[PDB]
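Report on one structure; see the data block that follows.
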Amino acid sequence: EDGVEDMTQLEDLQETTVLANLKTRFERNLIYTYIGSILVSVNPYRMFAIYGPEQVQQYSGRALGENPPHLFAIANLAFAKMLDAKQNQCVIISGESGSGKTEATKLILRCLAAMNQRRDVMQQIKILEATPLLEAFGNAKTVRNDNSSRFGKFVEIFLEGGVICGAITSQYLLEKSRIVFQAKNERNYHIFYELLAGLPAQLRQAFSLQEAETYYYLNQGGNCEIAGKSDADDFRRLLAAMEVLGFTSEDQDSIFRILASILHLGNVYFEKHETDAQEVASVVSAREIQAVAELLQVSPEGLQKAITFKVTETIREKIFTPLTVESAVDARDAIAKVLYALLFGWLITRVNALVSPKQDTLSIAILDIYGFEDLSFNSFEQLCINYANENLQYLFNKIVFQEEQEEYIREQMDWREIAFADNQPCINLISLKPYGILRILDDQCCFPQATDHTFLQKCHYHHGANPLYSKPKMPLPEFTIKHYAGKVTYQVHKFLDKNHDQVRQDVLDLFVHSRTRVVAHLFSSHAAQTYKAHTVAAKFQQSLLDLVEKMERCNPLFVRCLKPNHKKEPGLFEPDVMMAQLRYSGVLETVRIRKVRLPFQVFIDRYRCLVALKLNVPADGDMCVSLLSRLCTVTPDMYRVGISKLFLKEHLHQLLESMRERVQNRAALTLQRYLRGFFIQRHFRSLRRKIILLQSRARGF
Amino acid sequence: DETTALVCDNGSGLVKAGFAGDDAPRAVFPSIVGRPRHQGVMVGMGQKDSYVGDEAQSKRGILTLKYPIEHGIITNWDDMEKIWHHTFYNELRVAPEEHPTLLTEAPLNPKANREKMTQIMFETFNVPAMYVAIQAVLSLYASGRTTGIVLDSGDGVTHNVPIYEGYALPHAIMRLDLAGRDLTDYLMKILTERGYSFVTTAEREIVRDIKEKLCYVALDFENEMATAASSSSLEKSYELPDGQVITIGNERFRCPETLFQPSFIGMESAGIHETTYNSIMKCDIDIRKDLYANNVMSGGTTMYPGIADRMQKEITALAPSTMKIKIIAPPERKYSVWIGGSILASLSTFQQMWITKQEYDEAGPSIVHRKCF
Amino acid sequence: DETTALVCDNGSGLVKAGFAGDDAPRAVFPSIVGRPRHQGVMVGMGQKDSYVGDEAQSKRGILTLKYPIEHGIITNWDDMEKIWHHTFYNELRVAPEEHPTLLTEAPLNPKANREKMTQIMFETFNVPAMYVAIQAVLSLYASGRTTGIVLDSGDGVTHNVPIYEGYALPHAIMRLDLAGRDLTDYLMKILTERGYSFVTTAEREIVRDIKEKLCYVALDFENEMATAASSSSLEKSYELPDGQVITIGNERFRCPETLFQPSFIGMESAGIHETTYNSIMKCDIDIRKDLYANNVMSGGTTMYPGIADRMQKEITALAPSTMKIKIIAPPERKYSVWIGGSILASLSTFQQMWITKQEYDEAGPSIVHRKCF
Amino acid sequence: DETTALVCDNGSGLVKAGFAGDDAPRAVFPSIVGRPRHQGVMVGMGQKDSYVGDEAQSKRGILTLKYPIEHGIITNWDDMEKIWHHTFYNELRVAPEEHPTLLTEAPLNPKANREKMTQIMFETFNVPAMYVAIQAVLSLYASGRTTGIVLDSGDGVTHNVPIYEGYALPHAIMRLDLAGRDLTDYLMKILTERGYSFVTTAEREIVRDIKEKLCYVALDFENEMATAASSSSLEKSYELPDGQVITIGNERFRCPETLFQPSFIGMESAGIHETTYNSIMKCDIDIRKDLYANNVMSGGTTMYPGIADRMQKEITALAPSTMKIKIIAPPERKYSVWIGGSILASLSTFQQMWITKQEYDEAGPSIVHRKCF
Amino acid sequence: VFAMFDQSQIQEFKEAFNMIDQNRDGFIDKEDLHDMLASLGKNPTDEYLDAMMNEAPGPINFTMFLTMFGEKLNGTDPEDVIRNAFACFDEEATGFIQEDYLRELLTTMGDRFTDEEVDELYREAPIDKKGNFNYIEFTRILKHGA
Ligand SMILES: Nc1ncnc2c1ncn2[C@@H]1O[C@H](COP(=O)(O)OP(=O)(O)O)[C@@H](O)[C@H]1O
Ligand SMILES: Nc1ncnc2c1ncn2[C@@H]1O[C@H](COP(=O)(O)OP(=O)(O)O)[C@@H](O)[C@H]1O
Ligand SMILES: Nc1ncnc2c1ncn2[C@@H]1O[C@H](COP(=O)(O)OP(=O)(O)O)[C@@H](O)[C@H]1O
Ligand SMILES: [Mg+2]
């Protein structure tokens, strides 16, 4: 009931006021708030079957000024804008893990499918079935969530003349460092544990997978049973969906073979064994690599020479080089990461090809993206996540400033001159070409005799004078970057081991000649589709650039999601949690964009006493700007009051309020002394003017 | 605008080039300019009057082989310009005006060499930026180290450069003019003891191939001479390009020993082990410990089987008996300098140390003496 | 609000710091500021342009060692500020704005030294309170005594301070500029007699290590010179950092004898025994008895084996034959001053003798001359 | 029995000898021992297997030049014995057993050097008496003075000795190992910038001749570098012994500047002006006045035209602005030490300060440490 | 100041003063009033004479006399200032000030007044039923006279 749909119209905009408004609306069982172009949603933990097909006709765009703020208004807004400007656009779903992003995606897909009266007839267009599969491949347990999206899910819904066509799915920012490394109290991607829990026996005797609890790629977390809510039933339903997608049993068997090969490669160790002139490397146990070779249809000596020897090959000769232990570990990790990435790309490509729509058609975009992260201790993955969120926050700030500018121009022409300060310096601090932090890290990757301390020292040197950089006082292995969401302190522990994604051409050549068809096809396709680099940061930056280009090809308009207390309590929340989520989402920056915004009727009404405005019903033509000068001698700096009413700036506003309360204090003192004078003058009449006459009568007769 | 910078290790006898960021040179061919000498009789086949390295390798029998680079210094400038033009256009098929280029040089080379190299590579090919780097620092870059003495021994020069934690000691740099080409000439002069005569340039390169495929360095010289002239176990046979079989005896290992005994050619200098020890003893004591512990090799002419063991034995005999000598002999002694140059040119922090065209145009060619080394 | 006050004995050649109430200094490292001198060739390793004491110890071979404190007085103020910042942040990891600090000083040092020390430690580090204490009174505190003459002989100064029951005699304080660094320089100059040449700063510190590990003081000089140049029993060998073995003969004990015979360096002053006797004979007779009976030592340069016996013999030869001379030589001659400072800074009655920030701000830096000593 | 005592100034690179009482050395020749290295083919001309200085100068092309004296200390004793025998018999034609001999030495030389010198000159040549005198006191004798600092800079050592009215200050003697031979080596290493290669010993001596005949010291370095690389006015040409003409530019004056800037060779020491100023500031104030007023020079390597003016400018910049610096540059900087030795050996009051044969036989060689200096 | 004086009420001031401040230190006693009124004599009675005064203002002095006469009420309580002060809490032209509004204005801001003072106002304030006190008649009667 309590609408306050547009908080721009209030006297002042503060995070406290916004939090109070959201609390009031949540207590009113209202989730969505229509902040002009932007929308805000909160996870209710409450199953709301809002209406049904009728809501499209009930919450259409014809009465946006009176319609309640709802998520499904954008469904009609998209069509209304594309039918007018003749330009497709994109919609992003952003928010921290567990904020109902998948629920919002399902709701918007249902609304778009239900608006054309055709989905009932062509429901065979098999679109959303694989969402749990891409979830199991792309989600993993974090210290704050048991289901966290760790990849930039992208679903493209195609349209042609109002007819909903097929869809194309893609991944952008998958973190490859999770497969080999994982922090404490977290674990790897969910599907490894699902496979190990739902493993049938025939795979147990055939594939050596009896060490499901002692794999190095999995035991790193220290506790893999915290996710005990998941079980082998997830594996069974995953297999049911996998068969639904038209995959033969051979494809599933090959996928399990590759996953088992990756898990076995996780359990490979090296020894600092002596050699001709140095101590380089030696494989501890050959039975494990032999078993890897048996189930991969590839020579074992190929793997030995690809993970132990470095191949420098020219036209006239090919030279083998012994490798150090760290280099061998990096090569093994690169092999595992590239195998996992190729599996994901293959599955995404096949899913897209199954329901591939027509080409050269219209298209609406849905983007599932990361959330801003600030843990107790932060690592490389958090840095990449923060960089991506910084780029998206830059885009959001651009959109907000565009809306402010168009509103200002809609009021009067001449306020397009108002400027705006962006977060470009932070983006340059992160990844500018000459001396960016990621560029320094990439240089340190290949630089000889490098360690974490040297990288930290170089970062400290090159960014000492940067206002956003913050050198720690104590000699600590940390640094602090000022993001838009606040200060974040990273730890430089193990960055150099999270970037050595070097895959020499000999490994790809070995995997092309594999006897199995799927692996050979995947590596041949990878070599055919392939300028590039050889670090995780560089690939992440390339994918981020591709995503930014795809977004700028269309018009960005999206929605943010917030989360109440993470104890799964419906209808109850902590205001501090709201403040934290509001800071992390980035909607707080709108207040900074406001910089002024105050009305005119307030001046009309409650600013007349100062000169004791003699006249009544003042119009807009009343001497107003000079009025302040005649009462405070302040030069005309308010943008313009007029009818176009967003003029009063913050510090002058507080000065005016202080002056008002001071005037009220003086008026109250005057009233008090006036009442005291009246009381004493009553006292004066009483004791003589109505008593002496009575006494005259008493003495009289 | 991503543009990979070319790395062109134009050594003294072989040109090794490629793009930065690779793991091996894209193109390897001898730096030879060939010109026909006989008279052409067939009308039409008298137009190709100059063959660059590999083509001149294929047609040795009807033309003369001239090396533009003699003992490090660039003698014939037109031939070197032809080689650069070939390796830019006909070999990599990459326009040089869109890619920065990196070049290597001996430590104690003349200055007019650098000035003319910069002038040619800025005026002719119009390269946006270029840089000249000493070969030893690139060898250390490729070896993945920061301390130790680099013994870079190409076929034109053999020089030592002591480096400790990135700070070079320029007063301990020693350079010898004894290199692989002089070994080839000694092999030509020492093969006449068995009757084989090699006089022309093609026969000189046949002798070079013999040296590459048969020569080795022994641990002890007197013992191996006695063994050679006490049996036929060390004799090996080689087949000339006309099916004529030659046999080599004690000449197999007496060709590369002149590196340790340069009195065979008559030079007054000392062997490479002695120069390395003297270069160490020109450095500070705290420097000397790590220089002892971290000897490294590079260059083609250090690929003889048994070089590392003998030079280790000689350094250990020279150095005090309580120190540990460990000589690094990676299997990429050839084109280790190119691997180091590729690593160096791929660094994003290196972008500010180029020589931009504006800098050269405003300050002249002398800045190559200021921004290098 | 319990806050332990830091005690930072910034001596002339070594910085010994820690918290008050401990029994040994937390951090000990030389007070050296090192700067590289050669040219950097590896791109990236050219940023660390100043190494503080221990890091500069590790990298002697590529940089120059400069001592900010020369003969007690602070010469280079920026280097000393760097050393203080290092020992506060990178060594103890304790913010200096939350802990009071105690500093030591020679007795007869200039006054601008104290004024600038207070100004730096109040304006830069914003220490809540600081104090400057003479080293001899802290040595007496650490020795658990209240009478006697302190012979504090660091590597920058050697001074005597007679104290009787807590009342210092400021007219009997004698100070000599002959200390350990001059002994090291004499050892450098006297080692050339055998052919060993030490010129650089790193070689000077190698000589310092030789002095610490081999030198001793003999009871009789002529007898020991005859013994040394009559046999090889006193010869000892030392190993330089490159495995080169050196042999030392009569130079072993002729280095620390200049303390008793400062004419070797050419100084006109007298030995430490003579200065101690003259300082006693500048005091009252009743004072003189207890000063005779309670000689005490401190400072690093009094750790030579045999110093106590010889100085006892010399004082006994100087003093009247009926008095008892007893020289205290505790095994903590090094950082006895720090132990005394830690004892002094931990007293709860000392809380009122600090120099609070309000006092310095209202009266200026001159109060360091009023509240000290 | 009148017997003139021989004076044999056996310096580090040249031997200058003669009789006492003359005004110039009778014999001057380099101190080089040459040995042939090639193979003799003519039967009969294979007997002269060692050529002493001047003969080895005449036949540089077929033999190796070795200096017995390296940086002051006598390295090879047999070669030095051969040089002494030559300069006694084949050069002066005077039997050494009938004449006393006087020898010179660096100040801070080792002691075994003196002991072996006395042993050789008493046992082999059977000289009746000999004496070893420091070169600086002889330079002061020859200059006709009694005060001032001697800057004796040969080709093996450069040392300062402050003397005031005949009383030496042995604690202010400074010695540097930077001398003329290191200047020659720097010239060899710096001539490669123009393409001239000098590697052998004969080429090293050709470079030495170039240094003697062309090098000079400028007043200002930056101005002269700009002038050199702004015109061709400073370029001079030299003719090698085969008619090949070489041209020298800014290398003409950048060779002898390392005396004032010894960082070019990498030495950590300071220039000769700085060492002279520091040696003065190690002396007393009343001494300092006359040391300022009476600087004197000697040694060959101080004959560069313009050395006096620059060192005067540098001392004046270092010394207080009110004092008068007057540097004595007599035109006999070469063999001034010999003139002083001849004056000293001709004094009749010197007859009692020899080292007689009976004294050496009864007390052993150690008396050379007692009767000298 | 007395330079500008409203003689209509100066007579009231002088009467009240000469009845309160007389040729004595400043103390006001029953003796002065009783004498000046009925010094001739009245027989004593106690019908309503067991409680006379309980809220004495304070001490009196001739210097304080002149200062208070000049300052307190001489030509004060201007009608325009009265309208201004009373409307400062009001936007309506008619001056409807809700009685509760003034209740919190007096008992919540500035130095606090008591509900007894509010009643004192109400016992003499003409207020409509809804509680919107007006003050035009207040000013009229205050300025008119007694
Ligand atoms: N395997 C080998 N064994 C012996 N010598 C070799 C070998 N390979 C190359 N060389 C010698 O190295 C010389 C040059 O090799 P390299 O150092 O690669 O080129 P550059 O000297 O131009 O850098 C050739 O003259 C050749 O004689
Ligand atoms: N065991 C030792 N034997 C001889 N000399 C020593 C010994 N330990 C230290 N020294 C000398 O003491 C000097 C300084 O020591 P110390 O007094 O602890 O520092 P500071 O002089 O700064 O107070 C050093 O120069 C060193 O030469
Ligand atoms: N005219 C000159 N100009 C420059 N240098 C000279 C000249 N004459 C001699 N020298 C240098 O002086 C060095 C030795 O000269 P001298 O002092 O006479 O002999 P010694 O050093 O043995 O006493 C030689 O190495 C030579 O380079
Ligand atoms: Mg090479």
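All residue numbers here begin at 1 and follow the chain in the order shown.
Cβ coordinates are placed from backbone N, Cα and C, and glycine is handled just like the others.
Looking up C:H71, C:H86, C:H159 in Swiss-Prot shows the tele-methylhistidine annotation sitting on C:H71. Cα of C:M45 (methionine (R)-sulfoxide) to Cα of C:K82 (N6-methyllysine): a distance of 21 Å.
The Cβ of C:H71 (tele-methylhistidine) has 17 neighbouring Cβ atoms from other residues within 10 Å, across all protein chains displayed. Cα of C:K82 (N6-methyllysine) to Cα of C:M42 (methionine (R)-sulfoxide): a span of 27 Å. Among the modified residues C:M42, C:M45, C:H71, C:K82, none has a Cβ under 8 Å from a Cβ of chain E. In this structure, the C-alpha atom of C:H71 (tele-methylhistidine) lies 39 angstrom from that of C:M42 (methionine (R)-sulfoxide). Residue density at C:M45 (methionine (R)-sulfoxide): 17 other Cβ atoms are found within 10 A of its Cβ, drawing on all protein chains shown. The least crowded of the modified residues C:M42, C:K82, judged by other CB atoms within 10 A of its own CB, is C:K82.
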